[PDB]
Every structure is written in structure tokens, then in C-alpha cells.
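These notes are about the structure you will find just below.
Chains as they are written, first to last, in the numbering used here: chain A, 1 to 91; chain B, 1 to 395; chain C, 1 to 452; chain D, 1 to 91.
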């Protein structure tokens with residue numbers, strides 16, 4: 001894709017600090033990918049989305065979420081209780 | 001009288017573990033057998049031949065006492081031991097890859113404990129970190145593809161305190177050895193659990209890796225904490241090729257990591273046990289291998305003790321928990337909990353008061369039902385359990 | 001000669017002879033070794049009698065079952081004896097350790113909040129109080145404590161140190177060798193015997209991150225020798241804005257003159273209040289504790305050292321951590337006589353003779369023993385007090401049959417083993433280091449060596 | 001002097017590996033100075049003079065000893081027993 005890849009944090013855990021820490025002159029994009037075809041349990045940490053946006057509005061960098069599952073609406077409305085994100089809510 | 005009690009007491013106190021988690025990072029990992037503790041008590045009581053060789057009457061290496069045990073149990077060429085596993089990695093890196101590349105799966109860059117992080121230490125290690133594959137999946141090609149002139153080291157970390165399910169792929173150990181002997185690169189496995197023997201022999205069926213087996217697979221180096229699945233005092237344990245061990249040894253940083261007199265001795269005793277197949281004598285092995293019947297056995301001997309105490313609702317449930325905390329993330333075994341509830345007091349306030357007892361007791365909470373897992377409880381605790389509850393509830 | 005070799009019993013019958021006598025795995029390892037020794041000695045025609053076999057397979061088993069690591073009876077009169085395992089521990093301590101080790105403990109657990117907590121947290125409160133520094137921390141041993149403070153504060157920057165202070169203590173620790181691995185760049189001022197203030201001031205620059213001073217623990221220079229007064233380093237620091245780091249190494253917790261021993265040995269309390277920013281020292285020297293690197297000083301600095309991702313490779317074990325709190329407790333309770341290294345060095349000259357003659361009284365009967373008690377000046381501190389010269393009573397001995405050398409050798413192979421000074425074919429025993437319950441053990445040791 | 005100074009070992013101790021370790025293309029000189037007006041006791045190690053010579057005759061390097069005392073003869077011959085080094089013997 002031509003982009004230069006900057007991998008912050010560690011497999012199981014990632015704090016907000018790790019993101020903010022690697023920002024710079026050449027940082028054009030904050031990207032978050034949803035772990036769709038696997039999952040980690042055990043000692044595991046993830047960056048809350050609101051945090052990334054705040055962090056973006058702070059330095060003036062665009063945020064980009066790959067949901068992948070591409071879920072249109074809230075699923076809890078149907079009786080399924082899951083945290084799966086959706087476009088509406090993510091926007 | 002209460003000030004006198006507090007005004008007299010150590011910040012560090014023994015604690016009664018009811019959580020049913022054998023390797024409990026917070027509660028002090030593997031606790032120690034009386035025989036060992038008496039061997040330790042004896043060597044600390046006066047002077048001893050720690051750095052002293054008695055035959056030659058001149059100074060000697062304190063790591064010499066033990067390395068005989070490790071060489072025999074694992075099968076490796078030589079061995080060594082440092083403060084903990086943290087430093088056992090940091091030593092192998094700064095020793096064998098200062099300034100050169102180390103290849104490792106992007107799935108295996110772990111954050112264990114609050115301050116340890118392979119990417120954050122390996123950095124300070126001076127080694128350059130080369131991360132192959134992807135989070136969930138990593139083939140053998142990924143490892144092979146990032147080899148080059150600078151590649152000093154093929155490192156594989158065992159995900160001790162987590163696991164991945166769903167679509168996930170891992171590189172086989174036999175595979176990483178083949179890849180090594182191909183390019184002439186050494187293989188370094190951080191077991192972390194420091195499992196010393198096959199675990200299936202005792203009826204628990206898991207794939208957890210162990211020294212003996214990891215070594216006779218052809219890995220060049222293997223490390224692990226002593227105070228995890230080994231059942232001993234805190235120690236970084238390194239076994240493998242002689243040429244490498246000697247290089248690690250000579251590293252001037254190995255002195256800032258050399259192990260203390262207490263843990264050294266206590267380890268020799270712990271190792272002596274293993275040679276004598278006395279497995280039941282090392283706490284973390286017996287606890288995890290106890291008979292399901294054995295656990296009920298202990299569950300109802302406790303319930304028989306608390307029937308008299310006022311306002312106590314006692315029941316024995318059969319629940320499935322996850323025993324291994326810092327070493328066995330996926331494991332799930334059956335154990336008997338004595339769930340209790342007091343009409344006057346609520347589950348939350350109860351824990352709180354139990355943590356402030358003398359001795360203090362720490363346990364699990366699930367739906368306003370206090371729970372005592374018997375997998376971690378010693379017999380002499382039962383009398384103290386009953387004596388602390390009746391003091392909280394009839395006072 | 002094959003009928004004298006067919007007399008050797010097979011491994012299974014040795015198994016039967018000692019059934020519960022000894023573990024099955026050792027006895028088989030003791031028959032296999034003794035059977036290769038009798039197979040080779042009879043083939044070469046060196047053995048006509050096989051009767052020593054039953055006794056010899058039992059000795060191997062006793063031996064093959066024995067710890068390489070054993071308690072040993074120190075007669076050299078050296079308190080801090082690096083080879084013999086530095087500061088031994090009071091029963092109170094060992095019990096407090098025993099207890100924390102027999103089960104689970106609030107090691108990493110805060111009971112209040114019911115949430116994990118730093119294990120370093122239990123101790124530091126004691127340290128801040130005894131030393132008077134702003135904050136404190138603890139790592140495996142002083143070795144790594146140096147390494148930490150350099151790599152935290154000076155990686156890639158200049159550390160100025162006196163050319164006279166670059167020590168080699170122990171076998172593999174060397175300030176230049178480690179400082180290198182630390183990553184810090186090493187600027188050495190002055191010269192061996194002399195080093196004035198100007199030498200420090202003079203090599204300062206933009207890249208100078210640290211003014212380090214190491215104490216000469218295991219040696220000393222006499223003759224034309226100058227040294228820079230501590231009060232002067234600190235002034236030099238506070239002038240240019242540079243932290244000062246003192247490796248005391250002895251880890252002396254208090255003023256030592258208060259006990260009647262008059263030396264200039266520096267101590268945390270006193271060094272901190274002088275205005276130094278950082279100080280370290282081993283826990284198994286003059287502290288009297290188990291093995292540990294102890295760092296005290298300015299908060300901002302400790303926080304920095306704490307945050308360093310190597311701190312986790314140095315972090316102390318459950319045993320040393322506990323034993324250390326029990327031994328710091330003692331110090332708050334002015335219980336000094338309970339920590340062995342302090343009591344052995346502060347013992348009354350009278351006390352010493354008293355034990356000297358109580359031993360003499362135990363060796364009179366034993367055959368061929370030439371027993372005398374002399375008053376000698378020796379040097380008690382091995383790893384922390386090099387110059388200290390104190391009077392102490394030794395029971396010099398000599399046997400007409402055996403020579404002093406052989407005697408030492410056998411004393412080192414006894415159970416328990418006893419190591420002691422040699423001086424002109426006169427075995428010596430300095431009572432500085434000897435516990436009373438040993439005196440009986442000694443006499444029972446000697447009577448069994450000479451009369452057997 | 002204009003010489004480039006390469007300082008091996010440590011204050012109290014110095015083995016032979018320390019000298020041999022720092023040898024290279026630039027090394028023109030193996031020098032030992034005698035501690036005339038001071039001395040060290042405690043744990044102390046020094047490099048044997050027979051050893052420095054063997055070392056130099058190995059790489060083809062000259063050895064230079066600054067006695068300083070400039071003792072001219074063996075001093076034990078007068079009943080005073082010390083190890084002070086002297087010209088005749090050192091040569």
C-alpha cells in the first residue's frame with residue numbers, strides 16, 4: 001500500500017501511551033483493526049476507541065477503523081448481547 | 001490491644017489462599033516445602049561453602065553446586081541460573097545478540113507482569129528485534145524469510161499468561177530447529193513456566209513444554225522461572241549447549257544477576273526432590289495433581305467445622321476453574337468450593353474483613369456468594385479458617 | 001581370576017539388601033559405580049578381598065545423597081567472608097523467612113485495595129526512615145544496583161570517576177568492565193594514589209551525566225595518597241548541576257563509632273545527609289542481611305531507576321525480600337546484637353578470651369593435642385572493612401602425629417566441615433566467627449579424627 | 001610525551017589477559033611502573049614480570065620498566081628481606 005508501518009504496544013496488551021508515544025512528523029494515520037477471525041483471552045489490554053479519537057483531535061491526525069465485519073446497526077436491539085461495533089455507532 | 005497487635009506486625013505476612021489458583025502472581029507464586037525451608041534455614045544459620053570449594057580449599061563458583069542437577073534432569077550440555085527469568089532472557093540476548101538481529105513471532109511479543117515486555121527489555125538488551133508473521137498466524141516461511149547476515153538468534157516465547165483461539169497458526173518447534181541447523185543459527189526457547197518434566201505422566205493432559213523434552217528436541221537454549229511450574233524459589237533457569245552457556249557465564253552482567261544464598265540452597269533441595277521422584281513434596285505439583293475425591297474430602301471437612309457458627313449458610317459446590325495463573329492460561333480443572341453466606345453481612349464486606357484477619361484469607365467472589373477453592377488450601381488452615389470467622393461474626 | 005570377578009553380586013541383590021534403608025534410585029547409582037571399580041581393580045589384579053564392597057556401596061549412597069552446599073564452621077575469624085557466604089542470619093530472621101516461604105503471602109498483593117501492588121513497597125518505608133533519603137528501591141545485589149544506576153542515568157553519556165576507585169571486587173565484578181556493559185562512557189580522572197578535586201571539575205562537560213565515587217571495600221593504599229572529600233564532590237555537583245552517585249558497597253546502615261569501633265567507614269544515614277543524590281551497597285555485608293542491592297536517594301532519581309525495564313531482571317526474590325524486612329525491623333528496634341555480623345565485630349575483647357578458654361577446656365583430654373591460647377591482632381572484615389585491625393583470641397593447636405597442613409585438609413572434610421587459618425605449622429582458630437554451639441562440635445570432631 | 005595511553009585492568013587487580021587484550025597495530029609499548037611511594041593491601045593482583053616479557057616476545061613488542069627506586073643490586077644480600085626490584089635482576 002506504500003504506507004510505512006509503525007507497530008506500537010505488545011501482542012496481548014496495548015495502552016494509549018503506546019499510540020501517543022510513536023506519533024511524529026511523518027505520522028499520517030491512526031489505524032485500528034477489529035480482531036474478527038480470532039480473539040485473545042488471558043492478560044489482554046486494548047485501547048478504548050474514544051481514546052484514539054481524542055488523541056487524534058489532539059495532534060490533528062485522522063482516525064481509521066477497519067471493522068471488517070462491517071455491521072450496519074446495533075445488534076443488542078435483536079436480543080444478541082455483543083460488543084460488536086457498527087458503522088453508525090463508530091461514526 | 002489492637003494498636004499493640006498492629007504496632008508489632010510485619011508488612012509481609014503469610015496469607016491463606018482460597019482462590020484455587022496454584023501459581024498466583026500476587027500471592028507469591030510457588031510456596032515451599034518444609035524440608036526445603038529447613039535446608040535453607042540451616043545454610044543461612046551460619047557460614048557455608050557457597051563460593052568455597054572444600055576439596056581444593058580455594059574459591060569456587062557458586063553456580064557449580066546446582067549445575068550438576070540441571071544437566072541430569074534436562075539432558076542439556078551445560079546449565080546456569082540467574083536472579084529470575086526476566087534477566088535470564090536479558091542475559092541471553094545481551095550475550096548472544098548485542099547489536100545483531102533476533103527473529104521472533106509477532107504473536108509472541110508478550111507483556112507479562114506490570115513492567116516486563118519482551119520488546120521493551122530486548123531493546124535494553126542491545127539486540128535488534130525482528131518480528132515476523134502476524135498476531136494470530138505465523139508460518140515457518142515467516143521465520144526463514146527474515147534471516148540474514150545480522151540474524152544472530154531464533155527466539156520463541158511461550159504465551160504463558162494468555163492464549164489465542166479462533167483462526168490461529170504457530171510455528172512447530174521441530175520446525176524452528178530444522179530452520180536453525182539449516183542456516184547455522186542457534187535456537188532459544190523461553191518456556192517461562194520452567195516446566196521440568198512431562199506433565200501428562202501425572203494425569204493432566206496438556207501440551208505445556210518442558211526442559212527435558214524441549215532439550216532432546218534439539219533446541220540450543222531454554223529458560224524459565226523457577227518459582228512457577230518447577231515449584232521452587234525465584235530463579236532464572238538456563239540449560240543448553242556448552243559453548244553457549246560458557247559465553248553467557250563469561251558475560252560481566254551475569255554477576256549483577258548471580259543468585260542469592262537463600263534461593264541457591266533452596267533450589268538444590270528442590271532439585272534433590274526431583275531426582276528422588278518425591279513429586280508429592282513440591283507444593284505446586286501436589287496441588288495440581290490432587291485427586292478430585294481428595295478435594296471433596298477437604299471441602300466437607302471444612303463444612304463440618306462451620307456448621308456451629310451463627311448465621312452461616314454453607315454449601316459445597318463442584319465448580320470448574322482455571323488453576324494456573326502465571327503458567328497455565330488455558331487449563332481448566334474441576335475442584336470443590338465451600339460457598340458461604342451470612343444473613344447479616346454481604347459477600348463484599350466479608351472478603352474485606354477476611355483480608356484484614358490474622359492470618360488474612362483471600363478468596364473468590366461470584367454473585368454475592370463468597371467462595372473457597374480447596375485446591376490451594378492447606379490442612380492446618382482449616383482450624384484457622386473456622387477460628388477467624390467465628391471471631392468476626394460473634395463479635 | 002574370573003571366579004574372583006564372578007563373586008561380585010548383581011545389581012538386584014544390592015537392591016534387596018538395602019530396601020527401605022536408602023532410596024532405590026541412589027543405591028542403584030552406588031552399585032554401578034562400585035561395581036566398575038571392582039571390575040577394573042580385579043582385572044588389573046589389584047584386589048583379592050571383596051569384603052569392603054558392602055561398606056563402600058553404603059558410603060557412596062551417603063555421599064551421593066549429600067548437598068554440595070553445606071553449613072560450615074568458620075574459624076578464620078573473618079566476619080564478612082566472601083567465600084564462606086558473607087553475613088549469616090539470626091534465627092528470628094530465618095523463622096520469619098521460613099514462615100513467608102511455607103505458603104502464599106501478600107508479596108505482590110495489597111490487602112487494602114485488594115489489588116496487586118509492588119513488592120518493593122513493603123521495604124522502602126524502612127529505608128526512607130533509616131537513611132533519611134527522599135525515596136528508595138531494592139534490586140538483586142549491589143552489582144546490578146551499580147549497573148542500574150549507570151544505565152538509567154548515563155547510557156551514552158559521560159561518567160567521571162577517580163582513577164583510584166576503579167575496583168575489582170570478587171571474581172567477575174569490575175567497575176570498568178560493567179560500566180561498559182552499562183552503556184555509560186567512562187571518564188577517569190586523577191591518578192592511582194592521588195586525585196584532587198580539580199581532577200573531577202576538570203573533566204566535566206556537556207556530556208557529563210554523573211559524578212561517581214566507589215569505596216575501596218577490599219583493599220587500601222598507604223603512602224603518598226590523596227582523596228577527594230565527599231563534601232567537595234557534592235559542592236562540585238551543585239555547582240554544575242550534576243548528580244553524585246556513591247557506591248558505599250559495604251552498605252553500612254549506621255554510625256559505627258557508636259559501638260566502640262573507631263573507623264571512618266561511611267554509612268547511608270550520614271552520606272545522604274551530606275547531600276549526595278544517590279547511594280548504594282550490598283545487603284550481605286555490613287548490613288548483616290541476606291543478599292541485596294540497596295539504593296537510596298532523591299525521589300526523581302529513584303522513580304527513573306524504577307521505570308527502567310531492566311529493574312525487572314534484577315528484582316528481588318521472595319526470600320531475600322522477607323528476610324530483609326525482618327532485618328530492617330531489628331534495626332528500628334535497636335536490636336543490633338541479633339544480627340550476627342554486628343555482634344561478631346562488636347564483641348568484648350573479654351568475651352573473646354571467655355570463649356577461647358572454654359574451648360581449650362574441651363580439648364585437654366584429646367590425645368596428642370598441643371593446646372595454647374594466644375592474643376593476636378587480625379583483620380575481621382573481609383569484604384567490607386579492609387584496614388580494620390582488631391585484637392582477638394585464637395586457640396592455636398598442634399598434634400605431634402599429624403602436620404598442620406593435613407589437619408586443615410581433614411577439617412574441611414568433616415561433618416560439619418571446619419575451615420581455619422594456617423600459620424607456621426600452627427593451625428589457628430579465631431573465636432571472632434565461632435558460635436558457642438560449635439565448641440562442642442569442634443571437640444567431638446577432633447576426638448574422632450585422631451583416635452580413629 | 002606524545003604517547004597514546006592505554007590503561008588495562010583495574011586499580012587493585014590486573015591479570016595478564018588485560019595487557020594482552022589491548023594489543024594492536026598501534027601498540028608500540030608494554031610499560032610497567034613500580035609503586036615506589038605507596039602500596040596496596042587487601043585483595044590485590046599484579047602482572048608478573050616474567051609474564052610481561054613472554055607476552056612482548058610473542059607479538060614483538062618492547063617492554064619498559066620504570067623501577068624508579070633504581071636499586072642497583074640485590075638487597076637481600078645485605079640482610080634486609082624485601083622484593084624491591086633491581087637493574088641487574090630485571091634485565
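All C-beta atoms, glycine included, are put in the ideal place defined by N, C-alpha and C.
Please list the terminal residues of the continuous beta strand (DSSP E) segment that includes residue 59/C. Element bounds for residue 59/C: not the beta strand (DSSP E) but the alpha helix (DSSP H), 53 to 64.
With 7 angstroms set as the bound, which would you pick, yes or no: does the beta-carbon of residue 37/B sit closer than that to a beta-carbon of chain C? yes
Determine whether the beta carbon atoms of residue 293/C and residue 151/C lie at a separation below 7 angstroms. no
By Cβ distance, which residues of its chain are closer than 6 angstroms to residue 51/A, with the 5 residues on each side in sequence left out? 16
Residue 38/D - partner residues in DSSP beta bridges: DSSP lists 223/C as partners of residue 38/D.
Let me check you understand the geometry: is the CB of residue 14/C closer than 6 angstroms to at least one non-hydrogen atom of the ligand SAH? With respect to small molecules bound, the structure shown includes none, and the ligand SAH cannot be examined in it.
Determine, using beta carbons only, whether residue 59/B comes closer than 7 angstroms to chain C. yes
Excluding five sequence neighbours on each side, which residues of the same chain lie with their C-beta closer than 7 angstroms to the C-beta of residue 128/C? 135 and 136
Is the shortest distance between the beta-carbon of residue 39/D and the beta-carbons of chain C less than 7 angstroms? yes
Is the segment 381 to 391 of chain B in contact with the segment 353 to 362 of chain B, if contact means three or more CB pairs nearer than 8 angstroms? yes
At what residue ranges does the segment 43 to 85 of chain A contain a whole run of the alpha helix (DSSP H), taking only runs of 4 or more? Listed in chain order, the complete alpha helix (DSSP H) runs (minimum 4 residues) inside the segment 43 to 85 of chain A are 49 to 59.
Nearest candidate by alpha-carbon position, reference residue 40/A, set 375/B, 330/B and 67/B: The shortest C-alpha separation from residue 40/A is found at 330/B.
Interfacial residues, the segment 20 to 46 of chain A to chain B, with Cβ spacing under 7 angstroms: 37, 38, 39, 40, 41, 42, 43 and 44
Three-pair Cβ contact test at 8 angstroms for the segment 112 to 124 of chain B versus the segment 327 to 344 of chain C: no
Since I believe residue 40/B is in contact with residue 216/B (beta carbons under 8 angstroms), could you give me their beta-carbon distance rounded to a whole number of angstroms? Their Cβ separation, rounded to whole angstroms, is 32 angstroms, which puts residue 216/B and residue 40/B out of contact at 8 angstroms.
Taking just the CA atoms, how far does residue 56/B sit from residue 82/C? 16 angstroms
What's the gap between the Cα of residue 311/C and the Cα of residue 397/C? 50 angstroms
Taking residue 295/C and residue 280/C to be in contact with their CB atoms under 8 angstroms, please state how far apart those CB atoms are, rounded to whole angstroms. 5 angstroms
To the nearest angstrom, how far is the alpha carbon of residue 42/B from that of residue 105/C? 22 angstroms
May I have the straight-line CA-CA distance separating residue 3/B from residue 357/B, to the nearest angstrom? 14 angstroms
Determine, using beta carbons only, whether residue 15/D comes closer than 7 angstroms to chain C. no
Extent of the continuous beta strand (DSSP E) to which residue 12/A belongs: Counting along the chain, residue 12/A falls outside any beta strand (DSSP E), and DSSP gives it neither H nor E.
Using the Cβ count rule (16 or more neighbours within 10 Å means buried), how would you classify residue 62/D? Residue 62/D comes out exposed.
Ignoring anything shorter than 4 residues or poking outside the segment 201 to 288 of chain B, list the alpha helix (DSSP H) runs there in chain order. Here the runs fully enclosed are 211 to 215, 242 to 250 and 261 to 275.
For residue 328/B, which three-state DSSP category applies? coil
Given residue 53/A as reference, the closest of 73/A, 31/A, 35/A and 44/A once Cα atoms are compared: 31/A
For a quick check, are the C-beta atoms of residue 172/B and residue 23/B less than 7 angstroms apart? no
Along chain A, in chain order, which residues have C-beta atoms closer than 7 angstroms to that of residue 109/B? 10 and 11
Give every residue of the same chain whose Cβ lies closer than 6 angstroms to the Cβ of residue 127/B, excluding the five residues on either side of it in the sequence, and list them in chain order. Once the five neighbours on either side are set aside, the close Cβ partners of residue 127/B are 93, 97 and 102.
Buried versus exposed call for residue 243/B [16 or more other C-beta atoms within 10 Å across all chains shown]: exposed
Classify residue 52/C as buried or exposed, calling it buried when 16 or more other Cβ atoms lie within 10 Å of its own Cβ. Per the 10 Å Cβ criterion, exposed.
Are there 16 or more other CB atoms within 10 angstroms of the CB of residue 504/C, so buried, or fewer, so exposed? Residue coverage of chain C in this structure runs from 1 to 452, which leaves residue 504/C outside it and unanswerable.
What does residue 174/C touch in chain D if you count any residue whose Cβ is under 7 angstroms from its own? 10
Those runs of the beta strand (DSSP E) which lie wholly inside the segment 367 to 433 of chain C and span at least 3 residues: If we require 3 residues or more, the beta strand (DSSP E) runs fully inside the segment 367 to 433 of chain C come out as 372 to 378 and 390 to 396.
Residue 17/B lies in the beta strand (DSSP E); which residues open and close that run? 14 to 17
Start and end of the beta strand (DSSP E) containing residue 137/C? 135 to 139
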